[PDB]
Amino acid sequence: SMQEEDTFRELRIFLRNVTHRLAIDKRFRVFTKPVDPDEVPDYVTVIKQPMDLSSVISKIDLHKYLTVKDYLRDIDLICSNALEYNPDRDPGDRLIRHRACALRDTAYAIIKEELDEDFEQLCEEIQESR
Ligand SMILES: C[C@@H](N)C(=O)Nc1nc2c(s1)CCCC2=O
């Protein structure tokens with residue numbers, strides 16, 4: 001209905017704002033764009049489902065997220081991909097892992113503090129009805 005499309009539009013506005021706040025944080029610059037296979041040839045082979053904050057924005061605008069949980073699955077994927085691609089004890093690996101965990105924690109904390117539980121429940125019930 002018109003009421004339901006208003007609800008999903010509010011969700012998209014909220015997700016764009018959260019994603020923007022993540023993307024402008026200097027700690028998360030390595031997660032803002034897709035991995036250029038020129039610079040990192042082994043990435044496209046080791047990571048089967050790449051995800052980054054620019055791809056998240058595109059999915060928002062394609063109406064791919066109908067719930068905050070759908071969004072957080074892609075935030076979680078950015079994080080899990082980084083942990084999988086950076087398993088070594090080397091400080092370059094440890095730095096990216098730390099930033100990945102901070103990206104995930106930051107997104108979850110913003111959503112916990114700023115997204116009303118009843119709004120997320122409404123999104124889920126509209127989604128489960130389709
Ligand atoms: C130092 C070495 N471990 C390194 O540069 N690792 C990198 N990891 C990632 C890069 S570079 C960009 C895409 C996301 C990602 O997980």
# chains A, B, ... in the order shown; residues from 1 in each chain; ligands from 1
>>> closest_atom_pairs(of="range 36-79 of chain A", to="range 107-128 of chain A", cutoff="12 Å", atoms="only C-alpha atoms", output="tab-separated table")
residue	atom	partner	partner_atom	distance
A:53	CA	A:107	CA	11.6
A:64	CA	A:127	CA	11.6
A:65	CA	A:123	CA	9.9
A:66	CA	A:123	CA	6.5
A:67	CA	A:123	CA	5.5
A:68	CA	A:120	CA	6.5
A:69	CA	A:120	CA	8.5
A:70	CA	A:124	CA	9.9
A:71	CA	A:107	CA	10.0
A:72	CA	A:108	CA	7.8
A:73	CA	A:108	CA	11.0
A:74	CA	A:107	CA	11.1
A:75	CA	A:107	CA	7.7
A:76	CA	A:107	CA	9.6
A:78	CA	A:107	CA	11.5
A:79	CA	A:107	CA	11.0
>>> residues_near_ligand(ligand="ligand 1", cutoff="7 Å", atoms="only C-alpha atoms and all ligand atoms", output="ChimeraX atom specification")
/A:30-31,35,81-83,85-86,92-93,96
>>> closest_residue(among="A:32, A:1, A:19, A:49", to="residue 80 in chain A", atoms="only C-alpha atoms")
A:49
>>> closest_residue(among="A:48, A:41, A:4, A:57", to="residue 17 in chain A", atoms="only C-alpha atoms")
A:57
>>> select_by_dssp(residues="range 18-113 of chain A", states="helix (DSSP H, G or I)", output="PyMOL selection string")
chain A and resi 18-23+26-31+43-46+53-61+68-85+91-113
>>> write_last_selection(atoms="C-alpha atoms", output="mmCIF file, in the first residue's frame")
data_model
loop_
_atom_site.group_PDB
_atom_site.id
_atom_site.type_symbol
_atom_site.label_atom_id
_atom_site.label_comp_id
_atom_site.auth_asym_id
_atom_site.auth_seq_id
_atom_site.Cartn_x
_atom_site.Cartn_y
_atom_site.Cartn_z
ATOM 1 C CA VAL A 18 23.949 5.342 8.735
ATOM 2 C CA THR A 19 25.958 4.245 5.684
ATOM 3 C CA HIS A 20 27.105 7.809 5.037
ATOM 4 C CA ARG A 21 28.317 8.155 8.630
ATOM 5 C CA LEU A 22 30.314 4.938 8.244
ATOM 6 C CA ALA A 23 31.716 5.933 4.845
ATOM 7 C CA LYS A 26 38.686 7.599 8.184
ATOM 8 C CA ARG A 27 39.011 4.190 9.878
ATOM 9 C CA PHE A 28 36.693 2.625 7.294
ATOM 10 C CA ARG A 29 38.154 4.014 4.055
ATOM 11 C CA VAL A 30 39.361 0.548 3.008
ATOM 12 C CA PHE A 31 35.717 -0.598 3.051
ATOM 13 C CA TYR A 43 41.014 -10.941 -3.647
ATOM 14 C CA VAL A 44 38.388 -11.769 -6.283
ATOM 15 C CA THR A 45 39.367 -15.438 -5.999
ATOM 16 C CA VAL A 46 39.511 -15.781 -2.198
ATOM 17 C CA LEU A 53 29.832 0.547 1.508
ATOM 18 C CA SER A 54 29.399 1.829 -2.058
ATOM 19 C CA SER A 55 27.684 -1.437 -2.992
ATOM 20 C CA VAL A 56 25.496 -1.067 0.103
ATOM 21 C CA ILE A 57 24.367 2.392 -1.069
ATOM 22 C CA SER A 58 23.527 0.955 -4.500
ATOM 23 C CA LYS A 59 21.472 -1.819 -2.903
ATOM 24 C CA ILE A 60 19.606 0.708 -0.763
ATOM 25 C CA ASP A 61 18.694 2.680 -3.886
ATOM 26 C CA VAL A 68 17.377 -3.483 9.061
ATOM 27 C CA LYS A 69 18.331 -7.147 9.464
ATOM 28 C CA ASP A 70 18.828 -7.440 5.693
ATOM 29 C CA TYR A 71 21.117 -4.393 5.870
ATOM 30 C CA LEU A 72 23.081 -5.730 8.841
ATOM 31 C CA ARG A 73 23.685 -8.999 6.983
ATOM 32 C CA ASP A 74 25.658 -7.018 4.397
ATOM 33 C CA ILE A 75 27.494 -5.024 7.101
ATOM 34 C CA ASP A 76 28.349 -8.375 8.717
ATOM 35 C CA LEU A 77 29.576 -9.606 5.327
ATOM 36 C CA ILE A 78 31.958 -6.655 4.974
ATOM 37 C CA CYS A 79 33.347 -7.620 8.381
ATOM 38 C CA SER A 80 33.516 -11.394 7.895
ATOM 39 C CA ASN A 81 35.132 -10.981 4.453
ATOM 40 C CA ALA A 82 37.837 -8.776 5.995
ATOM 41 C CA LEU A 83 38.546 -11.309 8.755
ATOM 42 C CA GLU A 84 38.763 -14.109 6.190
ATOM 43 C CA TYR A 85 41.030 -12.128 3.864
ATOM 44 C CA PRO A 91 50.203 -5.960 11.697
ATOM 45 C CA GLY A 92 48.729 -5.127 8.286
ATOM 46 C CA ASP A 93 46.252 -7.981 8.767
ATOM 47 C CA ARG A 94 45.613 -7.073 12.399
ATOM 48 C CA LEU A 95 44.894 -3.442 11.465
ATOM 49 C CA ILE A 96 42.256 -4.353 8.873
ATOM 50 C CA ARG A 97 40.661 -6.883 11.239
ATOM 51 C CA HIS A 98 40.452 -4.248 13.965
ATOM 52 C CA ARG A 99 38.822 -1.766 11.582
ATOM 53 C CA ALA A 100 36.388 -4.409 10.326
ATOM 54 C CA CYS A 101 35.264 -5.235 13.851
ATOM 55 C CA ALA A 102 34.947 -1.510 14.596
ATOM 56 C CA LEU A 103 32.845 -0.938 11.461
ATOM 57 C CA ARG A 104 30.453 -3.703 12.532
ATOM 58 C CA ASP A 105 30.301 -2.543 16.162
ATOM 59 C CA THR A 106 29.709 1.061 15.076
ATOM 60 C CA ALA A 107 26.844 0.160 12.734
ATOM 61 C CA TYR A 108 25.181 -2.033 15.378
ATOM 62 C CA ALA A 109 25.567 0.694 18.020
ATOM 63 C CA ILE A 110 24.032 3.387 15.796
ATOM 64 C CA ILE A 111 21.086 1.132 15.019
ATOM 65 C CA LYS A 112 20.633 0.119 18.675
ATOM 66 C CA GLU A 113 20.593 3.784 19.749
#
>>> atom_distance(atom1="CA of residue 34 in chain A", atom2="CA of residue 88 in chain A")
21.9 Å
